[PDB]
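The next block is coords02.txt, given as compact mmCIF, C-alpha atoms and all ligand atoms.
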# COMPACT_ATOMS: atom_id res chain seq x y z
CA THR S 1 0.00 0.00 0.00
CA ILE S 2 2.89 2.34 0.84
CA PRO S 3 5.11 3.25 -2.14
CA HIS S 4 8.76 2.31 -1.64
CA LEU S 5 11.20 4.86 -3.05
CA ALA S 6 14.98 4.69 -3.47
CA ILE S 7 15.48 8.47 -3.25
CA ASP S 8 18.21 9.40 -0.78
CA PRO S 9 17.13 12.83 0.55
CA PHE S 10 20.56 13.10 2.19
CA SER S 11 22.70 12.71 -0.94
CA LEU S 12 24.68 15.47 -2.61
CA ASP S 13 22.61 14.97 -5.77
CA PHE S 14 19.46 15.63 -3.73
CA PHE S 15 20.86 18.69 -1.94
CA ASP S 16 22.00 20.12 -5.28
CA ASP S 17 18.42 20.17 -6.63
CA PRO S 18 15.83 18.75 -4.21
CA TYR S 19 12.67 20.12 -5.83
CA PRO S 20 12.14 17.56 -8.63
CA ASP S 21 12.63 14.72 -6.14
CA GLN S 22 10.40 16.49 -3.60
CA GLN S 23 7.52 16.45 -6.09
CA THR S 24 8.15 12.74 -6.65
CA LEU S 25 7.90 12.25 -2.88
CA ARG S 26 4.67 14.25 -2.67
CA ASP S 27 2.99 12.69 -5.71
CA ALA S 28 3.96 9.11 -4.80
CA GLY S 29 1.49 9.29 -1.92
CA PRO S 30 0.73 10.86 1.46
CA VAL S 31 3.10 8.39 3.17
CA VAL S 32 6.16 6.89 1.48
CA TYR S 33 8.83 4.47 2.67
CA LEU S 34 12.49 5.30 2.02
CA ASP S 35 14.30 2.01 1.39
CA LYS S 36 17.71 3.72 1.60
CA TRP S 37 17.36 4.46 5.32
CA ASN S 38 14.33 2.35 6.37
CA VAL S 39 12.17 5.29 7.45
CA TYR S 40 8.71 6.56 6.60
CA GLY S 41 8.47 9.85 4.75
CA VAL S 42 5.84 12.56 4.46
CA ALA S 43 6.32 15.42 2.00
CA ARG S 44 2.86 16.97 1.61
CA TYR S 45 1.79 19.91 3.76
CA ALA S 46 -1.23 18.09 5.21
CA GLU S 47 0.67 15.09 6.57
CA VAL S 48 3.71 17.11 7.69
CA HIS S 49 1.42 19.50 9.58
CA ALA S 50 -0.40 16.51 11.08
CA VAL S 51 2.80 14.87 12.36
CA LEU S 52 4.06 18.16 13.80
CA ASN S 53 0.81 18.69 15.73
CA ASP S 54 0.64 15.16 17.20
CA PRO S 55 3.58 15.04 19.64
CA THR S 56 1.95 12.24 21.65
CA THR S 57 2.10 9.82 18.71
CA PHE S 58 5.08 11.31 16.83
CA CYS S 59 7.44 12.03 19.71
CA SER S 60 10.77 13.86 19.74
CA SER S 61 12.39 12.38 22.87
CA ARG S 62 13.67 9.41 20.84
CA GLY S 63 15.59 11.85 18.64
CA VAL S 64 14.62 14.28 15.87
CA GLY S 65 17.37 12.83 13.68
CA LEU S 66 17.65 9.44 12.04
CA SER S 67 19.17 7.90 15.17
CA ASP S 68 16.72 6.31 17.61
CA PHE S 69 17.87 7.23 21.12
CA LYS S 70 16.15 4.09 22.44
CA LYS S 71 18.54 2.09 20.21
CA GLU S 72 21.71 4.19 19.83
CA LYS S 73 23.70 6.48 22.08
CA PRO S 74 23.17 10.16 21.20
CA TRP S 75 26.39 11.82 20.05
CA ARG S 76 25.74 14.51 22.69
CA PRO S 77 23.47 14.83 25.74
CA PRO S 78 19.90 15.18 24.44
CA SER S 79 18.42 18.65 24.14
CA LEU S 80 16.13 19.46 27.05
CA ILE S 81 13.60 21.11 24.73
CA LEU S 82 14.11 19.99 21.13
CA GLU S 83 14.53 16.30 22.00
CA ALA S 84 11.92 16.20 24.77
CA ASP S 85 8.19 15.57 24.93
CA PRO S 86 5.50 17.02 27.19
CA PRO S 87 5.37 17.26 30.11
CA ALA S 88 9.18 17.28 30.40
CA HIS S 89 9.36 19.70 27.45
CA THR S 90 6.78 22.13 28.84
CA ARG S 91 8.64 24.10 31.51
CA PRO S 92 12.00 24.40 29.68
CA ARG S 93 9.95 25.62 26.72
CA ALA S 94 8.31 28.26 28.93
CA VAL S 95 11.71 29.52 30.12
CA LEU S 96 13.05 29.94 26.59
CA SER S 97 9.72 31.52 25.66
CA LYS S 98 10.18 34.14 28.39
CA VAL S 99 13.86 34.71 27.61
CA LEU S 100 13.11 35.17 23.89
CA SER S 101 9.88 36.99 24.72
CA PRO S 102 8.17 39.91 23.00
CA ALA S 103 9.31 42.13 25.88
CA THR S 104 12.90 41.03 25.19
CA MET S 105 12.62 41.91 21.49
CA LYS S 106 11.84 45.51 22.49
CA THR S 107 15.14 45.74 24.39
CA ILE S 108 17.29 44.61 21.43
CA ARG S 109 15.43 45.86 18.34
CA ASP S 110 17.10 49.29 18.21
CA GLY S 111 20.58 47.81 18.54
CA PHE S 112 19.79 45.10 16.00
CA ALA S 113 18.33 47.56 13.48
CA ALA S 114 21.21 50.03 13.87
CA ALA S 115 23.75 47.24 13.33
CA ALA S 116 21.81 46.09 10.27
CA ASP S 117 21.92 49.59 8.77
CA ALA S 118 25.61 49.99 9.63
CA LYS S 119 26.44 46.70 7.89
CA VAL S 120 24.58 47.58 4.68
CA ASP S 121 26.29 50.98 4.58
CA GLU S 122 29.66 49.28 5.03
CA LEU S 123 28.85 46.83 2.23
CA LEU S 124 27.80 49.64 -0.12
CA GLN S 125 31.30 51.10 0.28
CA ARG S 126 32.75 47.87 -1.15
CA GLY S 127 30.18 47.41 -3.92
CA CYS S 128 31.10 43.82 -4.81
CA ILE S 129 30.63 41.62 -1.73
CA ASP S 130 29.87 38.05 -0.71
CA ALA S 131 26.25 38.23 0.47
CA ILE S 132 26.89 35.11 2.59
CA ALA S 133 30.15 35.83 4.39
CA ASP S 134 29.87 39.63 4.40
CA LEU S 135 26.10 39.88 5.01
CA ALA S 136 24.23 36.65 5.76
CA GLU S 137 26.97 35.51 8.16
CA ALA S 138 28.57 38.78 9.24
CA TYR S 139 25.43 40.52 10.49
CA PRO S 140 23.99 37.79 12.79
CA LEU S 141 27.52 37.15 14.09
CA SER S 142 27.67 40.85 15.03
CA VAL S 143 24.41 40.96 17.03
CA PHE S 144 23.47 37.48 18.23
CA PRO S 145 26.64 36.43 20.12
CA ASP S 146 26.57 39.81 21.85
CA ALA S 147 22.86 39.40 22.62
CA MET S 148 23.68 35.94 24.00
CA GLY S 149 26.30 37.49 26.27
CA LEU S 150 29.19 35.48 24.82
CA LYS S 151 32.81 36.54 25.14
CA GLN S 152 34.73 37.62 22.05
CA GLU S 153 37.14 34.68 22.21
CA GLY S 154 36.22 31.49 20.38
CA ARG S 155 33.26 32.83 18.39
CA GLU S 156 34.74 31.11 15.32
CA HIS S 157 33.39 27.84 16.79
CA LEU S 158 29.74 28.93 16.70
CA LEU S 159 28.98 28.27 13.02
CA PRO S 160 31.09 25.06 12.86
CA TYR S 161 29.20 23.73 15.88
CA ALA S 162 25.85 24.68 14.34
CA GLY S 163 26.63 22.82 11.12
CA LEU S 164 27.83 19.85 13.16
CA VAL S 165 24.53 19.67 15.05
CA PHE S 166 22.39 19.68 11.91
CA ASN S 167 24.73 17.28 10.12
CA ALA S 168 24.35 14.92 13.09
CA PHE S 169 20.56 14.89 12.59
CA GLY S 170 21.20 13.08 9.32
CA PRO S 171 21.96 9.45 8.54
CA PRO S 172 25.42 7.99 9.14
CA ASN S 173 26.66 9.20 5.74
CA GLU S 174 30.04 10.85 5.21
CA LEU S 175 28.62 14.31 5.99
CA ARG S 176 27.59 13.25 9.50
CA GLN S 177 30.65 11.18 10.40
CA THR S 178 33.10 13.76 9.09
CA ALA S 179 31.38 16.46 11.16
CA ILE S 180 31.43 14.36 14.33
CA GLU S 181 35.08 13.55 13.62
CA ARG S 182 36.02 17.25 13.69
CA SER S 183 33.66 18.01 16.57
CA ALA S 184 35.90 17.93 19.66
CA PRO S 185 37.08 21.59 19.72
CA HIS S 186 33.63 22.97 18.85
CA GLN S 187 31.94 20.90 21.57
CA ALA S 188 34.47 22.01 24.18
CA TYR S 189 33.94 25.69 23.38
CA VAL S 190 30.14 25.56 23.32
CA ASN S 191 29.83 23.50 26.51
CA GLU S 192 32.16 25.88 28.35
CA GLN S 193 30.27 29.03 27.34
CA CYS S 194 27.06 27.46 28.69
CA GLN S 195 28.37 27.88 32.25
CA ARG S 196 26.92 30.85 34.13
CA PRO S 197 30.27 32.62 34.89
CA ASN S 198 31.06 32.82 31.16
CA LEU S 199 27.81 34.61 30.20
CA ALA S 200 27.64 38.40 30.29
CA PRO S 201 24.87 39.92 32.44
CA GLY S 202 21.72 41.02 30.65
CA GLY S 203 22.21 38.57 27.79
CA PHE S 204 20.09 35.58 26.86
CA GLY S 205 22.49 33.15 28.52
CA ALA S 206 22.58 34.92 31.87
CA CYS S 207 18.80 35.33 31.69
CA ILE S 208 18.41 31.56 31.27
CA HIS S 209 20.49 30.96 34.40
CA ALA S 210 18.41 33.58 36.22
CA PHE S 211 15.27 31.51 35.54
CA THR S 212 16.56 28.60 37.65
CA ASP S 213 14.77 29.65 40.85
CA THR S 214 11.20 29.70 39.50
CA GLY S 215 10.71 25.93 39.62
CA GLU S 216 10.63 25.65 35.82
CA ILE S 217 14.29 24.65 35.37
CA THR S 218 17.04 23.70 37.81
CA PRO S 219 20.58 25.15 37.85
CA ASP S 220 21.96 21.89 36.43
CA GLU S 221 19.49 22.18 33.53
CA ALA S 222 20.52 25.75 32.66
CA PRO S 223 23.72 25.00 30.65
CA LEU S 224 21.81 22.66 28.32
CA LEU S 225 19.19 25.33 27.61
CA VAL S 226 21.99 27.77 26.75
CA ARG S 227 23.42 25.07 24.47
CA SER S 228 20.11 25.06 22.57
CA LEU S 229 20.64 28.71 21.63
CA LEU S 230 24.21 27.86 20.58
CA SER S 231 23.10 24.89 18.46
CA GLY S 232 20.14 26.01 16.38
CA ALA S 233 19.90 29.79 16.04
CA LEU S 234 22.77 31.19 13.98
CA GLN S 235 23.19 29.03 10.88
CA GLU S 236 19.50 28.76 9.97
CA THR S 237 19.05 32.51 10.47
CA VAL S 238 22.14 33.03 8.31
CA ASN S 239 20.69 30.65 5.72
CA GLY S 240 17.36 32.48 5.90
CA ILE S 241 18.90 35.92 5.45
CA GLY S 242 21.16 34.55 2.72
CA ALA S 243 18.10 33.10 1.00
CA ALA S 244 16.29 36.46 1.10
CA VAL S 245 19.22 38.25 -0.55
CA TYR S 246 19.34 35.40 -3.07
CA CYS S 247 15.62 35.76 -3.81
CA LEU S 248 15.83 39.56 -4.04
CA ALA S 249 18.64 39.12 -6.59
CA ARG S 250 16.81 36.46 -8.63
CA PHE S 251 13.40 38.18 -8.42
CA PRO S 252 14.25 41.85 -9.11
CA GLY S 253 10.56 42.73 -9.23
CA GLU S 254 10.22 41.75 -5.58
CA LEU S 255 13.19 43.92 -4.63
CA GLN S 256 11.52 46.84 -6.40
CA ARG S 257 8.29 46.21 -4.48
CA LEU S 258 10.25 45.98 -1.22
CA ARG S 259 11.99 49.28 -1.98
CA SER S 260 8.64 50.99 -2.60
CA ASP S 261 7.27 49.66 0.72
CA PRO S 262 10.00 48.85 3.26
CA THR S 263 7.33 47.72 5.74
CA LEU S 264 7.12 44.53 3.64
CA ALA S 265 10.54 43.58 5.06
CA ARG S 266 9.17 41.29 7.78
CA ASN S 267 7.00 39.38 5.31
CA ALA S 268 9.80 39.39 2.73
CA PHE S 269 11.88 37.46 5.26
CA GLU S 270 8.99 35.17 6.22
CA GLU S 271 8.47 34.31 2.55
CA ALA S 272 12.21 33.66 2.23
CA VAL S 273 11.88 31.21 5.12
CA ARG S 274 9.03 29.47 3.31
CA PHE S 275 10.74 29.62 -0.10
CA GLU S 276 14.08 28.21 1.08
CA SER S 277 13.18 26.48 4.37
CA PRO S 278 16.65 26.66 5.98
CA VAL S 279 15.64 23.65 8.08
CA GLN S 280 14.69 21.16 5.37
CA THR S 281 13.85 18.02 7.35
CA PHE S 282 13.23 16.73 10.86
CA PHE S 283 12.43 13.28 12.22
CA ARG S 284 9.78 12.00 14.61
CA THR S 285 9.40 8.56 16.19
CA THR S 286 6.07 6.77 16.51
CA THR S 287 5.16 5.84 20.08
CA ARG S 288 2.39 3.50 18.89
CA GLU S 289 0.77 2.03 15.81
CA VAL S 290 -0.83 4.95 13.96
CA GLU S 291 -2.86 5.46 10.79
CA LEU S 292 -1.77 8.45 8.70
CA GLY S 293 -2.81 9.09 5.11
CA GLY S 294 -4.25 5.59 4.82
CA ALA S 295 -0.98 3.97 5.93
CA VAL S 296 -0.49 1.97 9.13
CA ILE S 297 2.85 2.91 10.72
CA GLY S 298 4.07 0.59 13.46
CA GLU S 299 5.47 1.56 16.83
CA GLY S 300 9.04 2.79 17.10
CA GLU S 301 9.31 3.88 13.46
CA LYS S 302 11.22 6.96 12.32
CA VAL S 303 9.10 9.39 10.28
CA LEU S 304 10.95 11.92 8.13
CA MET S 305 9.14 15.24 7.62
CA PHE S 306 10.05 17.27 4.53
CA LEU S 307 9.45 20.80 5.80
CA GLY S 308 10.81 22.40 2.64
CA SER S 309 8.57 20.22 0.49
CA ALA S 310 5.54 21.00 2.67
CA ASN S 311 6.28 24.69 2.05
CA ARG S 312 6.21 24.10 -1.73
CA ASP S 313 3.23 21.73 -1.88
CA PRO S 314 0.85 22.99 -4.62
CA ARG S 315 -1.99 21.36 -2.65
CA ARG S 316 -1.47 24.17 -0.11
CA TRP S 317 0.43 27.01 -1.84
CA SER S 318 -0.46 28.85 -5.04
CA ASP S 319 2.59 29.17 -7.29
CA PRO S 320 4.86 27.65 -4.61
CA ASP S 321 7.97 28.10 -6.79
CA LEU S 322 7.55 31.90 -6.82
CA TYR S 323 9.05 34.24 -4.23
CA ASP S 324 6.18 36.60 -3.33
CA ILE S 325 6.80 39.13 -0.56
CA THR S 326 3.05 39.83 -0.27
CA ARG S 327 2.08 36.15 -0.02
CA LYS S 328 0.00 35.15 2.99
CA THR S 329 2.72 32.99 4.56
CA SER S 330 0.66 32.12 7.65
CA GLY S 331 0.75 28.36 8.20
CA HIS S 332 4.15 27.53 6.70
CA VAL S 333 6.29 25.01 8.58
CA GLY S 334 9.66 26.69 8.11
CA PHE S 335 9.67 27.26 11.88
CA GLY S 336 7.84 24.01 12.60
CA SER S 337 4.33 23.79 13.99
CA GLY S 338 2.83 22.90 17.35
CA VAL S 339 4.45 22.49 20.76
CA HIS S 340 7.97 22.53 19.27
CA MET S 341 7.46 25.48 16.89
CA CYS S 342 10.68 27.52 16.90
CA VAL S 343 10.83 29.27 20.28
CA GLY S 344 13.44 31.66 18.86
CA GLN S 345 11.37 32.69 15.85
CA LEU S 346 11.04 36.24 17.20
CA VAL S 347 14.83 36.67 17.22
CA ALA S 348 15.18 35.27 13.69
CA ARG S 349 12.33 37.39 12.31
CA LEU S 350 13.77 40.49 14.00
CA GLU S 351 17.24 39.86 12.56
CA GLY S 352 15.73 39.16 9.14
CA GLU S 353 13.31 42.09 9.15
CA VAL S 354 15.78 44.83 10.08
CA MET S 355 18.33 43.55 7.56
CA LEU S 356 15.78 43.47 4.73
CA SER S 357 14.57 46.89 5.91
CA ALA S 358 18.13 48.22 5.67
CA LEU S 359 18.46 46.76 2.17
CA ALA S 360 15.04 48.11 1.16
CA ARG S 361 16.04 51.66 2.14
CA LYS S 362 19.68 51.77 1.00
CA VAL S 363 20.03 49.38 -1.97
CA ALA S 364 18.71 49.98 -5.49
CA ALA S 365 19.69 46.64 -7.05
CA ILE S 366 21.36 43.33 -6.20
CA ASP S 367 23.10 41.62 -9.12
CA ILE S 368 24.87 38.26 -8.97
CA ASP S 369 28.36 38.79 -10.39
CA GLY S 370 30.10 35.54 -9.48
CA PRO S 371 29.83 31.75 -9.14
CA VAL S 372 27.12 30.81 -6.65
CA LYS S 373 28.23 28.00 -4.33
CA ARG S 374 25.94 25.81 -2.21
CA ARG S 375 26.86 24.49 1.24
CA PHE S 376 25.79 20.89 1.77
CA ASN S 377 24.28 19.82 5.09
CA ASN S 378 22.21 16.81 6.12
CA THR S 379 19.49 19.10 7.51
CA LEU S 380 20.20 22.69 6.42
CA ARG S 381 19.76 24.27 3.00
CA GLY S 382 21.86 27.36 2.37
CA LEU S 383 24.51 28.93 0.20
CA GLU S 384 28.26 28.79 0.72
CA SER S 385 28.95 31.92 -1.34
CA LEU S 386 26.72 34.54 -3.00
CA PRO S 387 28.84 37.04 -4.95
CA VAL S 388 26.65 40.10 -5.49
CA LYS S 389 27.06 43.68 -6.61
CA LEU S 390 25.16 46.21 -4.49
CA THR S 391 23.96 49.37 -6.23
CA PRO S 392 23.27 52.22 -3.76
CA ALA S 393 19.74 53.58 -3.86
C1 LIG M 401 15.38 31.30 9.94
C2 LIG M 401 15.60 31.01 11.23
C3 LIG M 401 15.15 29.70 11.93
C4 LIG M 401 14.58 28.59 11.42
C5 LIG M 401 14.21 28.28 9.95
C6 LIG M 401 14.35 27.66 12.51
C7 LIG M 401 13.78 26.41 12.42
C8 LIG M 401 13.27 25.68 13.47
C9 LIG M 401 12.34 24.58 13.39
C10 LIG M 401 11.74 24.00 12.09
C11 LIG M 401 12.09 24.14 14.63
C12 LIG M 401 11.14 22.97 14.99
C13 LIG M 401 11.95 21.76 15.44
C14 LIG M 401 11.04 20.57 15.62
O1 LIG M 401 9.81 20.73 15.39
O2 LIG M 401 11.53 19.47 15.98
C15 LIG M 401 12.86 24.95 15.55
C16 LIG M 401 12.89 24.84 16.92
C17 LIG M 401 13.72 25.57 17.76
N1 LIG M 401 14.43 26.71 17.43
FE1 LIG M 401 14.56 27.50 15.56
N2 LIG M 401 14.80 28.25 13.68
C18 LIG M 401 15.29 29.50 13.36
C19 LIG M 401 15.83 30.40 14.26
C20 LIG M 401 16.03 30.18 15.61
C21 LIG M 401 16.55 31.14 16.57
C22 LIG M 401 16.98 32.58 16.18
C23 LIG M 401 16.59 30.54 17.77
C24 LIG M 401 17.05 31.09 19.15
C25 LIG M 401 17.43 32.36 19.38
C26 LIG M 401 16.08 29.19 17.61
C27 LIG M 401 15.95 28.24 18.60
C28 LIG M 401 15.13 27.13 18.54
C29 LIG M 401 14.85 26.20 19.62
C30 LIG M 401 15.41 26.27 21.05
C31 LIG M 401 14.01 25.27 19.15
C32 LIG M 401 13.42 24.09 19.94
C33 LIG M 401 12.01 24.53 20.35
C34 LIG M 401 11.22 23.38 20.89
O3 LIG M 401 11.70 22.22 20.81
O4 LIG M 401 10.10 23.63 21.42
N3 LIG M 401 15.75 29.01 16.28
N4 LIG M 401 13.57 25.88 14.81
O1 LIG M 402 17.84 22.33 21.49
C1 LIG M 402 18.67 22.42 20.54
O2 LIG M 402 19.90 22.27 20.76
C2 LIG M 402 18.17 22.69 19.12
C3 LIG M 402 18.96 22.40 18.03
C4 LIG M 402 18.50 22.65 16.75
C5 LIG M 402 17.24 23.20 16.57
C6 LIG M 402 16.72 23.48 15.16
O3 LIG M 402 16.22 24.79 15.13
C7 LIG M 402 16.45 23.49 17.66
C8 LIG M 402 16.91 23.24 18.94
CL CL M 403 27.96 19.30 22.64
Would you mind giving the structure from this file in structure tokens?
Ligand code: HEM
Ligand SMILES: O=C(O)c1ccc(CO)cc1
Ligand SMILES: [Cl-]
Amino acid sequence: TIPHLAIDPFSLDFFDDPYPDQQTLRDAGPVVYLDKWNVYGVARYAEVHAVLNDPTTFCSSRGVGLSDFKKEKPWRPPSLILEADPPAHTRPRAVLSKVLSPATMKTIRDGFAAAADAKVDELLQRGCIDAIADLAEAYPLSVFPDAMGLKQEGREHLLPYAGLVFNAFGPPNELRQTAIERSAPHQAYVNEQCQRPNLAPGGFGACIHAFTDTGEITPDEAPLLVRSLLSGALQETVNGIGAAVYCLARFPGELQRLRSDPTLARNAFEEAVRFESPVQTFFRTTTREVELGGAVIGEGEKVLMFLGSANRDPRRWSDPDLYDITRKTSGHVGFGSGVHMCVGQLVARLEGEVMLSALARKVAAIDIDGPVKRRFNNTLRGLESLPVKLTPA
């Protein structure tokens, strides 16, 4: 009843151009079986949204990667929020929700927006830049580690550790084992900065440690929650911002609309998150026998959700291949959906909005003037290099 496909969604050929294979996954049926890795797969919006909103049946405590924690040892101590289910997930989620709260965005927005404008002005003085290294990477690295309260030393480990984490979500291919092989220095840095004495006061990290006396988290749980913000926060935001610049360069009409109405910046970033889906895939594990899309999935089975394919499903999105900054993006699963929906989505949207606002007000045109290079990751989609020319407005 379930179609069996030999597509490896973790191969270099797939990462190079995933969209033809993603249609094959969607059109094959609501639930497919991937013979290459012995997992179930869902690529349509309806089933992906269903799995995300049923954490009782499709749990995360057995790992959101290919590895089943009930069967294999996790390469690192499990995340207290990402790899946890209710009720254990509830209170650590509430702490991160209050640390990355709306009231916290008001305290950092002016500094984030000013740094976004200062970066664009600096890039306009060079003209020909790398929109990845000099914009997509350079701007979040200039606001987020400071907002975290991290010291200046060792910040070169942040992005390598982020790519290691998302590579480790994948199957035991060469991408994952090479990353884990080179992991020792990045792990040592990240784990050390999670300790309270190493976090500057007022930052996100110190605020997490300050939440240890409410009864929601304990002091021994605080370093792991800080590790969450050092694992998944930078690279996907970089990939999202880098995707927006990419889209604005490939769809010059949308850049012209954004220039005419800079208030579209927040939705221009949200649509970039839907269009690119920096987090392409995540796993869930069935805690019981479940029927989904007419298929009976046994207990203890890994289910692979194609978030990027769910964001391009024509059963849900009109013209899903088109970057539209005025599209009603409400409902996309680029940040997940349900109890695990990205708790740091306000930080990412703020970083993305003020950067696109700075571009909308200062840049007249973005023209690719060099070889575009893609960075391959088991979980993340993003560019390695985006050589662009920036014309001042
Ligand atoms: C474009 C930017 C981002 C994207 C695309 C993204 C993507 C995602 C997705 C899809 C999930 C759901 C995981 C799941 O359902 O298993 C998630 C969860 C999470 N994200 Fe993000 N994220 C982004 C930015 C951030 C930022 C800026 C932070 C922190 C400052 C952050 C921290 C987290 C945490 C802690 C979780 C776990 C939440 C939970 O398990 O309840 N992310 N992210
Ligand atoms: O808890 C974590 O370490 C963690 C890691 C990666 C993600 C993906 O956004 C979310 C949370
Ligand atoms: Cl670690």
Report task. Give the residues close to ligand LIG 402 (chain M), within 10 Å, counting only C-alpha atoms and all ligand atoms; write them as a ChimeraX atom specification. Result -> /S:64,76-84,162-163,165-166,169,224-237,278-279,281-282,334-336,340-345,379-380
Expected file contents, prior selection, C-alpha atoms, as a PDB file, in the coordinates of the input:
ATOM      1  CA  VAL S  64      14.620  14.280  15.870  1.00  0.00           C
ATOM      2  CA  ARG S  76      25.740  14.510  22.690  1.00  0.00           C
ATOM      3  CA  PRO S  77      23.470  14.830  25.740  1.00  0.00           C
ATOM      4  CA  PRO S  78      19.900  15.180  24.440  1.00  0.00           C
ATOM      5  CA  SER S  79      18.420  18.650  24.140  1.00  0.00           C
ATOM      6  CA  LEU S  80      16.130  19.460  27.050  1.00  0.00           C
ATOM      7  CA  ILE S  81      13.600  21.110  24.730  1.00  0.00           C
ATOM      8  CA  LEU S  82      14.110  19.990  21.130  1.00  0.00           C
ATOM      9  CA  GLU S  83      14.530  16.300  22.000  1.00  0.00           C
ATOM     10  CA  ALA S  84      11.920  16.200  24.770  1.00  0.00           C
ATOM     11  CA  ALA S 162      25.850  24.680  14.340  1.00  0.00           C
ATOM     12  CA  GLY S 163      26.630  22.820  11.120  1.00  0.00           C
ATOM     13  CA  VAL S 165      24.530  19.670  15.050  1.00  0.00           C
ATOM     14  CA  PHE S 166      22.390  19.680  11.910  1.00  0.00           C
ATOM     15  CA  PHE S 169      20.560  14.890  12.590  1.00  0.00           C
ATOM     16  CA  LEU S 224      21.810  22.660  28.320  1.00  0.00           C
ATOM     17  CA  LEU S 225      19.190  25.330  27.610  1.00  0.00           C
ATOM     18  CA  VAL S 226      21.990  27.770  26.750  1.00  0.00           C
ATOM     19  CA  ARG S 227      23.420  25.070  24.470  1.00  0.00           C
ATOM     20  CA  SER S 228      20.110  25.060  22.570  1.00  0.00           C
ATOM     21  CA  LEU S 229      20.640  28.710  21.630  1.00  0.00           C
ATOM     22  CA  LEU S 230      24.210  27.860  20.580  1.00  0.00           C
ATOM     23  CA  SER S 231      23.100  24.890  18.460  1.00  0.00           C
ATOM     24  CA  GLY S 232      20.140  26.010  16.380  1.00  0.00           C
ATOM     25  CA  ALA S 233      19.900  29.790  16.040  1.00  0.00           C
ATOM     26  CA  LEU S 234      22.770  31.190  13.980  1.00  0.00           C
ATOM     27  CA  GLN S 235      23.190  29.030  10.880  1.00  0.00           C
ATOM     28  CA  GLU S 236      19.500  28.760   9.970  1.00  0.00           C
ATOM     29  CA  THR S 237      19.050  32.510  10.470  1.00  0.00           C
ATOM     30  CA  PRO S 278      16.650  26.660   5.980  1.00  0.00           C
ATOM     31  CA  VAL S 279      15.640  23.650   8.080  1.00  0.00           C
ATOM     32  CA  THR S 281      13.850  18.020   7.350  1.00  0.00           C
ATOM     33  CA  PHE S 282      13.230  16.730  10.860  1.00  0.00           C
ATOM     34  CA  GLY S 334       9.660  26.690   8.110  1.00  0.00           C
ATOM     35  CA  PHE S 335       9.670  27.260  11.880  1.00  0.00           C
ATOM     36  CA  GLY S 336       7.840  24.010  12.600  1.00  0.00           C
ATOM     37  CA  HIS S 340       7.970  22.530  19.270  1.00  0.00           C
ATOM     38  CA  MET S 341       7.460  25.480  16.890  1.00  0.00           C
ATOM     39  CA  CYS S 342      10.680  27.520  16.900  1.00  0.00           C
ATOM     40  CA  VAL S 343      10.830  29.270  20.280  1.00  0.00           C
ATOM     41  CA  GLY S 344      13.440  31.660  18.860  1.00  0.00           C
ATOM     42  CA  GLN S 345      11.370  32.690  15.850  1.00  0.00           C
ATOM     43  CA  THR S 379      19.490  19.100   7.510  1.00  0.00           C
ATOM     44  CA  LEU S 380      20.200  22.690   6.420  1.00  0.00           C
TER      45      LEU S 380
END
Query raised in the report: Within 9 Å of residue S:362, counting only C-alpha atoms, which residues qualify if same-chain residues fewer than 2 places away don't, as a list in words?
Result: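 My reading of the contact set: residues 117, 120, 121, 124, 259, 357, 358, 359, 360, 364, 391, 392 and 393 of chain S.
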Report task. Check the smallest atom-to-atom distance from each of S:7, S:200, S:372, S:305 to residue S:41 using only C-alpha atoms, then report the winner. Result -> S:305
Query raised in the report: Pick from S:331, S:154, S:149, S:74: nearest to ligand CL 403 (chain M), with only C-alpha atoms and all ligand atoms counted?
Result: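 Ranked by minimum distance to ligand CL 403 (chain M), first place goes to S:74.
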Query raised in the report: Could you work out how far atom CA of residue S:366 lies from atom CA of residue S:390, giving the answer in Å with one decimal?
Result: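 Taking atom CA of residue S:390 as the start and atom CA of residue S:366 as the end point, the length is 5.1 Å.
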Report summary line: For ligand CL 403 (chain M), the closest of S:38, S:178, S:187, S:107 counting all atoms listed in the file is S:187
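Minimum atom-to-atom distances from S:268, S:32, S:290, S:158 to ligand CL 403 (chain M) were compared using all atoms listed in the file, and the lowest value belongs to S:158.
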Query raised in the report: What is the distance, in Å and to one decimal place, between atom CA of residue S:243 and atom CA of residue S:173?
Result: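 Computing it gives 25.8 Å between the two atoms.
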Requested in this report: Have a look at S:367, S:353, S:301, S:174 and name the one nearest to residue S:116; count all atoms listed in the file.
Outcome: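 Nearest candidate to residue S:116 out of S:367, S:353, S:301, S:174: S:353.
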Query - Residue nearest residue S:33 among S:132, S:295, S:325, S:272 (counting only C-alpha atoms) - result: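 Closest to residue S:33, using only C-alpha atoms: S:295.
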Query raised in the report: Interatomic distance between atom CA of residue S:48 and atom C9 of ligand LIG 401 (chain M)?
Result: 12.8 Å
Mind dumping a table of every stretch 29-59 of chain S residue within 12 Å of stretch 87-105 of chain S, with the nearest atom pair and its distance in Å to one decimal, using only C-alpha atoms, sorted by chain and rising number, as CSV?
residue,atom,partner,partner_atom,distance
S:55,CA,S:89,CA,10.8
S:56,CA,S:87,CA,10.4
S:59,CA,S:89,CA,11.1
**Report entry** Polymer residues at most 7 Å from residue S:288, all atoms listed in the file, same-chain spacing of 3 or more positions, as a PyMOL selection string
**Finding:** chain S and resi 57+298-300
Query raised in the report: Which residues come within 12 Å of residue S:142, counting all atoms listed in the file, excluding same-chain residues fewer than 5 positions away, as a PyMOL selection string?
Result: chain S and resi 111-116+118-119+134-137+147-150+152+155+234+238+351
Coordinates of box centre and edge lengths for ligand LIG 401 (chain M), 6 Å on every side, axis-aligned, as AutoDock Vina command-line options:
--center_x 13.6 --center_y 26.0 --center_z 15.7 --size_x 19.6 --size_y 25.1 --size_z 23.5
